[PDB]
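Here Cβ is always computed from backbone atoms with ideal geometry, including for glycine, and neighbour counts include all displayed protein chains. The numbers here are math on the coordinates, done by the rules we state, and not lab data.
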Amino acid sequence: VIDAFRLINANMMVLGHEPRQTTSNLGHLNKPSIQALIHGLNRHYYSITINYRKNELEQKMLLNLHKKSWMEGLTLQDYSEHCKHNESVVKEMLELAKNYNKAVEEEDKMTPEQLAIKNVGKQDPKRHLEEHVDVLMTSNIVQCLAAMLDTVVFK
Amino acid sequence: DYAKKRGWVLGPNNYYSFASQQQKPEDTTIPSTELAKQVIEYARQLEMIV
């Protein structure tokens, strides 16, 4: 929340003259706040557009820098910390699946508009079933690939 | 005739020659180059559908 201002002289407002001049890049975004509009906005001063010209060189000392690594790209943590994670996620997905089965056995000859009618929450398939699959796939694929690389890069 | 090309000895009663024993030699634990291919392929078909 940063802003820049300048004054408008009193007598000019009484005369027909308005504060400035117009070309079409005035009106983007620059909706004044009501809070500011309560005080002397326009009546006493006007806002000026602001922008941050981040030139080259200082760009890279931020983008390619605040986050990075090197050897961290090849770390395994293959003990129980992995197997225990798998045996938590699959365990709870067992109940998610049983829920979805029950939640579809209804098979009533109604119309999906009525389904939306009573639809409120916990839409099993999309709400939960799928994110568990995506997480499990990600973790296991990455782990196996890293092990297969280290098995050849070192002896 | 067999002795000229085939193994063992020609009526020795104690054959001496080359052996036909076969050993798998599957000790190598490195199918890494191809198995890595397979895994990358699974990642390939988890994406690029939009």
Give the residues of the range A:9-52 that are under 30 Å from the mean Cα position of the chain (by Cα) and touching a residue at least 40 places away in the same chain (Cβ under 8 Å), sorted by residue number.
-> A:48, A:50
Which of the residues spanning the range B:41-50 are surrounded by 12 or more Cβ atoms within 10 Å (Cβ to Cβ) and either among the aliphatic types (A, V, I, L, M) or not in a helix (DSSP H, G or I) (or both)?
-> B:43, B:46
For residue A:138, all conditions in the list (1) polar (S, T, N, Q); (2) loosely packed, with under 12 Cβ neighbours inside 10 Å; (3) within 14 Å of another protein chain (Cβ to nearest Cβ) hold save one; what is the number of the exception?
-> (2)
Here are some conditions: (1) surrounded by 10 or more Cβ atoms within 10 Å (Cβ to Cβ); (2) within 14 Å of another protein chain (Cβ to nearest Cβ); (3) β-branched (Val, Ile, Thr). Residue A:153 meets all but one. Which one does it not meet?
-> (1)
Please enumerate the residues belonging to the range A:16-64 that are under 15 Å from residue A:4 (Cα atoms) and among the polar types (S, T, N, Q).
-> A:30, A:33, A:42, A:47, A:49, A:51
Look through A:43, A:53 and report the one residue that is of a type in the set (D, E, K, R) and surrounded by 11 or more Cβ atoms within 10 Å (Cβ to Cβ).
-> A:43
Selection within the range A:46-79 - acidic (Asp, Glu) and not in a loop (DSSP other than H, G, I, E, B) = A:72
